[PDB]
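Secondary and tertiary structure notes
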Amino acid sequence: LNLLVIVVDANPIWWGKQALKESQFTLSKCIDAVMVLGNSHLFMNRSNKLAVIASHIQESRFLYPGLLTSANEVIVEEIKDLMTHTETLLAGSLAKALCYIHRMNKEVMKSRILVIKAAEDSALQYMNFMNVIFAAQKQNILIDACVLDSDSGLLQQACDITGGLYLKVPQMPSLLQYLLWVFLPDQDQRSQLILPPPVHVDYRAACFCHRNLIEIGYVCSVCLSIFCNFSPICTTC
Amino acid sequence: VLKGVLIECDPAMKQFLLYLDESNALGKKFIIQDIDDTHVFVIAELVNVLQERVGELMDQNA
Amino acid sequence: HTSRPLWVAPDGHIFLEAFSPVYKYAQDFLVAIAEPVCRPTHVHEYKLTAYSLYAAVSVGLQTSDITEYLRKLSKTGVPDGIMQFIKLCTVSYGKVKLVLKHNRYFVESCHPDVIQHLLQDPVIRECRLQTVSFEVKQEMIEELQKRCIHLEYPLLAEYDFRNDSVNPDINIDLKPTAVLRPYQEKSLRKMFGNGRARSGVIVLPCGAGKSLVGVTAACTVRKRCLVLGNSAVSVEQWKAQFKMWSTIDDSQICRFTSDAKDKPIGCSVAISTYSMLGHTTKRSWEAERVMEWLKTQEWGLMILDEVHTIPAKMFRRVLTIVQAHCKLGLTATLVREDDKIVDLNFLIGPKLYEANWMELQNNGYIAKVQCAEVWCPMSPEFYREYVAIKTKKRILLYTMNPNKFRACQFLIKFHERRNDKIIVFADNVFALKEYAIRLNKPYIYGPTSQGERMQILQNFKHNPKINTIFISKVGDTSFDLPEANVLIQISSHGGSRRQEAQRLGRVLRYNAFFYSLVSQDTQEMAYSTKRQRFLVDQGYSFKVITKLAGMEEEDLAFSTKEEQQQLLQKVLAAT
Amino acid sequence: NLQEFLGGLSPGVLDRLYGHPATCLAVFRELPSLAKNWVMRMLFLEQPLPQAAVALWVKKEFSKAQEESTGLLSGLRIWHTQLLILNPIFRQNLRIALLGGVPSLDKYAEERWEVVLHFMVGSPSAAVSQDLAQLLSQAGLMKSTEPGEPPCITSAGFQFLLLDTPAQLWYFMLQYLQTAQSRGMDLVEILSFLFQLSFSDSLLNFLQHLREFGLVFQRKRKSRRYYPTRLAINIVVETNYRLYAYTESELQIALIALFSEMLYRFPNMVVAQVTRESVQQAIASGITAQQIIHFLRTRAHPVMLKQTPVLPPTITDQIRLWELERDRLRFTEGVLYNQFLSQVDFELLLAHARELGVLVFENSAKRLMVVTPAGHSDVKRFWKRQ
Amino acid sequence: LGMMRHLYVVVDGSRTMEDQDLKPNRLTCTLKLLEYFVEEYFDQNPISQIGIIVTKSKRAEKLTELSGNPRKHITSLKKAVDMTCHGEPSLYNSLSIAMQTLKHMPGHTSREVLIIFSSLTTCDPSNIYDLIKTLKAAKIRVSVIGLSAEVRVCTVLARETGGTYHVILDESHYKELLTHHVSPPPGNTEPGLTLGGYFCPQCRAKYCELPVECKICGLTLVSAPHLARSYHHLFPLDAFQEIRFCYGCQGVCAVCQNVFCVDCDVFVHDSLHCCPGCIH
Ligand SMILES: [Zn+2]
Ligand SMILES: [Zn+2]
Ligand SMILES: [Zn+2]
Ligand SMILES: [Zn+2]
Ligand SMILES: [Zn+2]
């Protein structure tokens, strides 16, 4: 019961930018906030599970499945091995997240995925990122998300299709207090608490040639491919 | 001013106890004073021989 | 030791786990070997009998095919009293054969030393008059089959119908419109085993294809069939089934039910009743000429519908009046009181196939029945007299219960608001009148007619205005009751588990569901658990409803006590 | 229950009870639904949040679960008002639990716990240890009323056999802990030792009692450190009333024979039957039908734990309906008084009858008041003295 | 795959709509399954439309204009449950209303008319057999679902224009016949997507949470996640070949050479619809 997969944004280009920005919030002061929420999920019930995924560039390693002193010393040594194409990939990590939930749901459970996104969104994976949301919506898997600086437009649609929460933190070093407040309770205890409501949804699409975010465009009538301001003929078939 | 152990039961089972009062199956003065269509006052020394008579009626429908 | 899903008890009892991966190849073995006792959803329980192995070796499996496939599906090792009993009751099958040729019965053997042993029993000598034979008397062919089992040399009735050269093979052919379901194809595969027909009993449900297997068995032997039914309505249906799936002209499906008599002498399929063929009194002249014709022509594949009434005293004299090679018995409920179904293993033959009742429900061939036994408390004015007397007047007192009246009037209203078709089965015909005129509903009283029996039965089907009907001991057979949806059985015959599996057949012909009203703390509680004694062996779950879904809030009759005191002055006034 | 025991306790022992890996995680693991959230919310706080905030942190729907949570959460004395800052002994040690500051182990545990349960049945292979026989009789599940060569089993001992394997152990330690205040040691160190086992000199003597039921494993006759077992963490049933049981342990067979009847016994399977005359044979001693249903749902086969609701509903109320045949004719004791022509006095007696809590039944036609004989000696004084 | 559809649904309002052999009102069983039909239509068809016309007393009245609102149709069918249903219907008038405003749709669509007909008699003031020559010219595909019988003109109307004609066995057969019409048979429109909760991008006309077109500027406002579900049929994913440690669940694709398992091979192809190794 209550399996919680955390997908951390381990983008080594954005985290190195803040490591020299002297903003007093590095990666090592953020993975330990995942480790405390990882440890605090293993206390609210006896039979609770955990899985942490790290989103590198061109790689996405599982962290925790390779008492809590053997559950935190693995995530410490794996960040020490993974952190030693200038945009991160997120849909490859949520694809492994839906694969791990589906296997652990075969050995029995309500599950949910918490994404801690840090860098800006990559619109080049919108055709794949939207597939893993409907694959998660058909199994009632919540996709919660907390963002650090910039509102990811793709990630707000993940929390409203599935039914999760979207929360923009205003402060970097108070990350753990938001994580323990709105993402620590499960789906059933969420109905009995007050959470901040979603404030905005970023509904756009992408062209099939430029993949730009369009608000007014042209769709085909048989292919349903949305296009930019040309509309000569159906390009696909 | 009389002394007697109380019995509450189903009204269907209550008429069984009034039947044993006017048929002398166990003794003469079984029911001291009927009070209600759910409660019946019986004497104290013949309760256990009454309990086996109800258990006989409960076992004629096995 | 964790696969191989059986357990062979040392007396004989086979517990089969219906969750193993090899269940479908172990259930299709134990049907051909043993007979089913109980079949719940998880663990079945078969039983090794003497007659069940005679039906085993009649099909192509030998005595070394059975004891070598019990070891591979054992989980224990067969415990040496099943190894000996299988070897004993299978090496003595094909030694004595009862064959007839031109209207004379003959006991035939091939090994001559059996005839040197069979002709010293003092009753086999009373039926008389390599290949050693001696002619036996037709009139006491029943006692010969009793004694031949009594000394473990049983009689088989395998008709070898592909080549007989005496009988005029008729043009009965199965039309390509009657497609038969895979449980019917499995029952006919055990009958026509090695290309030779076999006299057995096939137990399929009535709403299931009980009649199509009869027509297909007549379509396969293709000799002079003879169909028997219990009622004059049942012979009106077998004509209507032989015209639907068998392509026969109207000049060959003759009936013999004493009302139309469409030239019954000189035909190919004769559909008659019991107590027409075994009518023990002086017959009419038109019937005397047909029974003189039917007594002198050998048939093939008699069909005896409603097999459970054969072991009576009159209806078992039929099988010695009419001579037939094969004898198929089609029923729906094989159980019967007085212990005479073991008697039926030699009047007809071994039990061929029994349909798995929970499997036909799970595949959609039979309606998913939600059994329920709502029991009603006794009124305190009525229990005053129920414990006073013992002599048969208390049967009226528990069937005319005022609190049982409120559970029938509520259950009728609860399904009339759902557009369900209600049949209220109720014996004890005085309770039929005082139930069906206080709700103003039609009732088949039993001595009504043939005319108004029909018009009440057909406005019930094709009209959404008439919704209920109050039958009384009429629908206890294979009648043309028009597809009820619920069935509120009120105080039927005493302890017969045959009847409450025939009332169930009216429902499966949750989609449909039937009730059973019981006045609690009376004799009827003991009866209603003796009648579910058969239905729990087909996996049916009988719930208990103590209080209904708001019975005290609608306009139910017998509200006050002054209108409840008048009914006791009407019921107790009969005596 | 655990929080039933800790609720009736002084604050002078709970503050010294809170060790770092043992007790603060154990009480936190048993908090009902929402109390686990408030402790994690103010775990990192230092200034007390105002008292009106936690009433507004829930919806108006499910507002009744708010007070029963904090009634327990203040009942164990985790916070106080402080004007709701947590206990400094509790907040510090729970933050230590968030990273602050071999088949022989299993087969020994089952065969050593089974011989404890075999003492509660008739068997010559009983647990021969005289300290355990006096331990059970003061707990109240082994009646003697004599010296006795065997000890008997009372009605509460029959209910102990059908409790769950974790749940029967918590009832067993609660009677060990309630009597150890005057015969053993302090309650603080023995209770915090069990919670540290879940994940002085006198404490070695308590270890040798766990050696008898099986929660530790010595293997070399009282060495330095122990070895915890799987006990120290804290069959099918058919529509035709048959239950098939794939066990071969002799304890589990006789537990079926309390409420069933045996009709075959293969190796690795025992088939029994739940009948009317066998459940009522168990209810007559009192193993009442709410315990029979809980016995089969915790011990169910994997093929029963499928898409159907387990313990199919025809058999789960037929055992309940066979309990209610004993429920007819509930006897209760009383004394009557009648035969008074005064039409006010039977109404006058109501003002002197109800306030003691002795009246049983009330009538309105002839107004039969019935009093228990324990309260009859004083109502006869009021009638003669006006 | 399928194309755009502009489907009218013609509902009978005759005297015979008070008949039994259904739910106890024949009209309210039609309106019950139609509200299920509108919901299932817009889920297998993202950018289509539905009009609903009724016929009563030799006249046809357009109950709802042809618009792709999946809510405005259901709240109008719930309003017309208590219709009086007097007189005999018409089939020339209903296919004239459903032709004067279905002739002007663009030619790259599949214009259709579904007539649910309970009455037997179509009393109409003109000849029907020139409409069927006109409906065949306008490429309209008229299909009829009949009740209780088989009218001759309803088979000529179905098989000449190109539709089907079926008759009801029962209410279970009626729900099965409507589910055959939700599937589409095998040009560039201008929509505007609806960022900011639900606003309008062309003229800032705020309204409720609908995929309906703009009532002011006339632009269709669709939700881009709704169109995203109908992908993965075009450039779909291929199957794998099979002969321990996995790549998806961590405990064989021929594109990127990534080993999967049996529990992953059933999940990538069926529900995930994208290879988890191919996204890297
Ligand atoms: Zn296209
Ligand atoms: Zn573009
Ligand atoms: Zn606009
Ligand atoms: Zn895998
Ligand atoms: Zn790939």
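Residues numbered from 1 in each chain as written, not as in the entry; some residues may be left out. Chains lettered and ligands numbered in written order. Part of a larger assembly, values for the part shown. Heavy atoms only, no water. Residues with missing side-chain atoms left out of burial classes, pairs and counts.

For this entry, the PDB record names cryo-EM as the structure determination method and reports a resolution of 3.5 Å.

A look at unusual backbone geometry
Backbone geometry at A:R211 places phi at a positive 60 degrees, although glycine is not the residue there. If you trace the backbone, A:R211 turns up in the loop between strand 7 (205-206) and strand 8 (213-214). Of note in this structure, E:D21 is not a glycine but carries a positive phi near 70 degrees. Within the secondary structure, E:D21 is located in the loop between strand 1 (5-12) and helix 1 (26-41). You can call E:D21 exposed: its relative accessible area is 62%. (Helix = DSSP H or I, 4+ residues; strand = E, 2+ residues; numbered from the N terminus. Buried < 20%, exposed > 50% of the residue type's maximum accessible area, 1.4 Å probe, protein only.)

With respect to the packing of aromatic side chains
Two measures describe an aromatic ring pair: the distance that separates the ring centres and the angle between the ring planes. For the structure on display, the rule yields 42 aromatic pairs over all chains. Measuring from ring centre to ring centre gives 6.5 Å for A:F208 and E:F235, while their planes differ by 50 degrees; the resulting arrangement is tilted. Linking A:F208 in the loop between strand 7 and strand 8 with E:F235 in the loop between helix 7 (224-228) and helix 8 (262-272), this pair reaches from one chain into another. Judged by relative accessible area, which is 23%, A:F208 ranks as partly exposed. On the basis of relative accessible area, E:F235 is assigned to the exposed category, the value being 54%. Taken together, C:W7, C:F15, D:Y244, D:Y246, D:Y264 and D:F266 form an aromatic cluster joined through their ring pairs. Just above the ring of C:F106 sits the side chain of C:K101; from NZ or CZ to the centre is 4.9 Å. The ring of E:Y36 carries E:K175 above its face, with NZ or CZ at 4.8 Å from the centroid. (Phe/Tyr/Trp six-rings, centres within 6.5 Å; stacked < 30°, edge-to-face > 60°. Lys NZ or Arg CZ within 6 Å of the ring centre and 35° of its normal.)

What about the coordination of the zinc ion (ligand 3)?
Each donor-metal-donor angle would ideally measure 109.5 degrees in four-coordinate tetrahedral geometry, or 90 or 180 degrees in six-coordinate octahedral geometry. Residues and elements named next belong to chain E. Donor atoms from the polypeptide that bind the zinc ion (ligand 3) are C200 (SG), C203 (SG), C214 (SG) and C217 (SG), placed at 2.5 Å. In the primary sequence, the donor residues of the zinc ion (ligand 3) line up as C-x2-C-x10-C-x2-C. Here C203 is found in the loop between strand 7 (188-189) and helix 7, whereas its partner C214 is found in the loop between strand 7 and helix 7, with eleven residues between them in sequence. With relative accessibility at 2%, the residue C214 sits in the buried group. (Donors = N, O, S within 2.8 Å, 3.2 Å for Na, K, Ca; no water.)

Focus on the interface of chain A and chain E
Contacts between chain A and chain E engage 50 residues on the former and 48 residues on the latter. Approximately 4400 Å² of surface area, both sides summed, lies buried where chain A meets chain E, with 65% of it carried by carbon and sulfur atoms. Put simply, chain A and chain E have zero salt bridges between them. One can count eleven residue pairs in polar contact joining chain A with chain E. (Contact = heavy atoms within 4.5 Å. Buried area = accessible area lost by both parts, 1.4 Å probe. Salt bridge = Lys/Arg side-chain N within 4 Å of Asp/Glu carboxyl O. Polar contact = N/O pair within 3.5 Å; in protein donor to acceptor, adjacent residues only side chain to side chain.)

Side note on the pattern of salt bridges
Inspection of every chain in the model, using the stated rule, returns 59 salt bridges over all chains. Linked through salt bridges whose partners overlap, the residues forming this network are C:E158, C:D160, C:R196 and C:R198.

With respect to the arrangement of the chains
When the six pairs of chains in contact are compared, the highest contact count belongs to chains A and E. Chain B makes no contact with chain A, the minimum C-alpha separation between the two being 42 Å. One finds no contact linking chain A with chain C; the least C-alpha distance across the pair is 18 Å.

A closer look at the UniProt feature "domain: VWFA" in chain E
Following the UniProt record, the feature "domain: VWFA" maps to residues 6-182 of chain E here. Helix and strand shares over residues 6-182 of chain E are 29% and 22% respectively, and the end C-alpha atoms of the span are 12 Å apart. (UniProt positions renumbered as here; feature names shortened; annotations may be inferred.)

A word on the coordination of the zinc ion (ligand 4)
Residue and element names in this part refer to chain E. Distances from the zinc ion (ligand 4) to its protein donors, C246 (SG), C249 (SG), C261 (SG) and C264 (SG), fall at 2.5 Å. Considering all four donor atoms around the zinc ion (ligand 4), angles at the metal cover 96 to 147 degrees and the coordination shape is irregular. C261 shares its class with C246; the two are buried. (Tetrahedral: all angles 85-135°; square planar, octahedral: opposite > 155°, others 65-115°.)

A closer look at the sheet that holds strand 6 (residues 132-135) of chain C
All names here are of chain C. With antiparallel pairing, the three strands of this open sheet are ordered in space as 4-5-6. On the outer flanks of this sheet lie strand 4 (96-100) and strand 6, each paired with one strand and no other. Between one strand and the next, the sheet's axes are offset by a mean angle of 25 degrees, whatever the strand orientation. Bridge analysis of strand 5 (residues 105-109) against strand 6 gives four bridges, and the strand direction is antiparallel. Residue pairing in the sheet places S109 in a bridge with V132 of strand 6. (Pairing = 2+ DSSP bridges. Axes fitted to C-alpha atoms, helices over the stretch in contact; angles between N-to-C directions.)

What about the packing of helix 14 (residues 276-283) of chain D against helix 16 (residues 313-327) of chain D?
All names here are of chain D. Contact pair helix 14 / helix 16: the axes reach a minimum separation of 10 Å and the direction vectors enclose 60 degrees. It follows that helix 14 is oblique to helix 16 by the angle criterion. Taken as a pair, helix 14 and helix 16 cross one another with a handedness that is right-handed. Packed against helix 14, whose contacting residues are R276, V279, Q280 and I283, the element helix 16 presents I319, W322, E323, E325 and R326 at the interface. (Parallel < 35°, antiparallel > 145°, perpendicular 65-115°, else oblique. Left-handed = near helix turned anticlockwise from the far one by under 90°.)

Regarding a negative patch on the surface
Together, A:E87, A:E120, A:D121 and A:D149 give the surface a local cluster of negative charge. By the secondary structure assignment, A:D149 is in the loop between strand 5 (142-147) and helix 7 (153-161). (Patch = residues over 30% accessible without salt bridge, like charges linked within 9 Å, V, L, I, M, F, W, Y side chains within 5 Å. Areas by Shrake-Rupley, 256 points an atom, 1.4 Å probe, with all protein chains shown as cover. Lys, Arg positive; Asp, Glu negative; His and termini not counted. Charge placed at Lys NZ, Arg CZ, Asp CG, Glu CD.)

Things to note about the UniProt feature "zinc finger region: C4-type" in chain E
In the numbering used here, UniProt assigns the "zinc finger region: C4-type" feature to residues 200-217 of chain E. With 0% helix and 0% strand, the stretch residues 200-217 of chain E has end C-alpha atoms that lie 10 Å from each other.

As for helix 6 (residues 171-178) of chain E
Residues and elements named next belong to chain E. Along helix 6, the residues classified as buried are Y174, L177 and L178. For helix 6, the buried positions fall inside an angular range of 95 degrees around the axis, keeping them on one side. Elements that come into contact with the buried residues of helix 6 comprise helix 1, strand 4 (110-117), strand 5 (141-146) and strand 6 (165-167). (Arc of directions from axis to C-beta.)

With respect to the interface of chain D and chain C
Taken together, the 19 residues of chain D in the interface contact 23 residues of chain C. Both sides together, the interface formed by chain D and chain C hides about 1800 Å², and carbon and sulfur atoms give 61% of it. The largest contributions to the chain D side of the interface with chain C come from D:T239, D:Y264 and D:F266, which together make up 24% of the buried area. At the surface where chain D touches chain C, the tally comes to two salt bridges.

Some details on the packing of helix 15 (residues 289-298) of chain D against helix 16 of chain D
All names here are of chain D. Taken N-terminus to C-terminus, the directions of helix 15 and helix 16 make an angle of 160 degrees; their axes are 9 Å apart at the nearest point. Relative to helix 16, the element helix 15 lies roughly antiparallel. Crossing angle aside, the handedness with which helix 15 passes helix 16 is right-handed. Residues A289, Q290, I292 and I293 of helix 15 touch helix 16, and the partners they reach there are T316, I319, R320 and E323. Residue classes in the contact of helix 15 with helix 16 are distributed as four nonpolar, two polar and two charged. (Nonpolar A, V, L, I, M, F, W, Y, C, P; charged D, E, K, R; others polar.)

Looking at the nonpolar core
In this structure, A:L148, D:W38, D:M120, D:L136, D:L210 and D:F259 are the most contacted members of the largest nonpolar core, which totals 158 residues. Element by element, the count of residues in this core is highest for helix 11 (residues 187-197) of chain D, at eight residues. Discounting chain neighbours no more than four positions away, the residues touching D:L210 are D:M173, D:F193, D:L197, D:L215 and D:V216. C:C225, C:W238, C:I303 and C:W357 belong to the second largest nonpolar core, which has 93 residues in total. (Core = buried A, V, L, I, M, F, W, Y, C linked by side-chain atoms within 4.5 Å.)

Looking at the sheet that holds strand 1 of chain E
Residues and elements named next belong to chain E. Spatially, the six strands line up as an open sheet ordered 3-2-1-4-5-6, and their pairing is mixed. At either end of the open sheet lies a strand with only one pairing partner, and these are strand 3 (60-67) and strand 6. Each strand of the sheet is rotated relative to its neighbour by a mean of 15 degrees, with strand direction disregarded. The sheet contact formed by strand 1 and strand 4 spans seven bridges and is parallel. From the neighbouring strand, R5 faces strand 4, where its bridge partner is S110. Its contacts with the sheet put helix 1 on strand 1, strand 2 (49-55) and strand 4, and the angle it makes with strand 1 is roughly 170 degrees.

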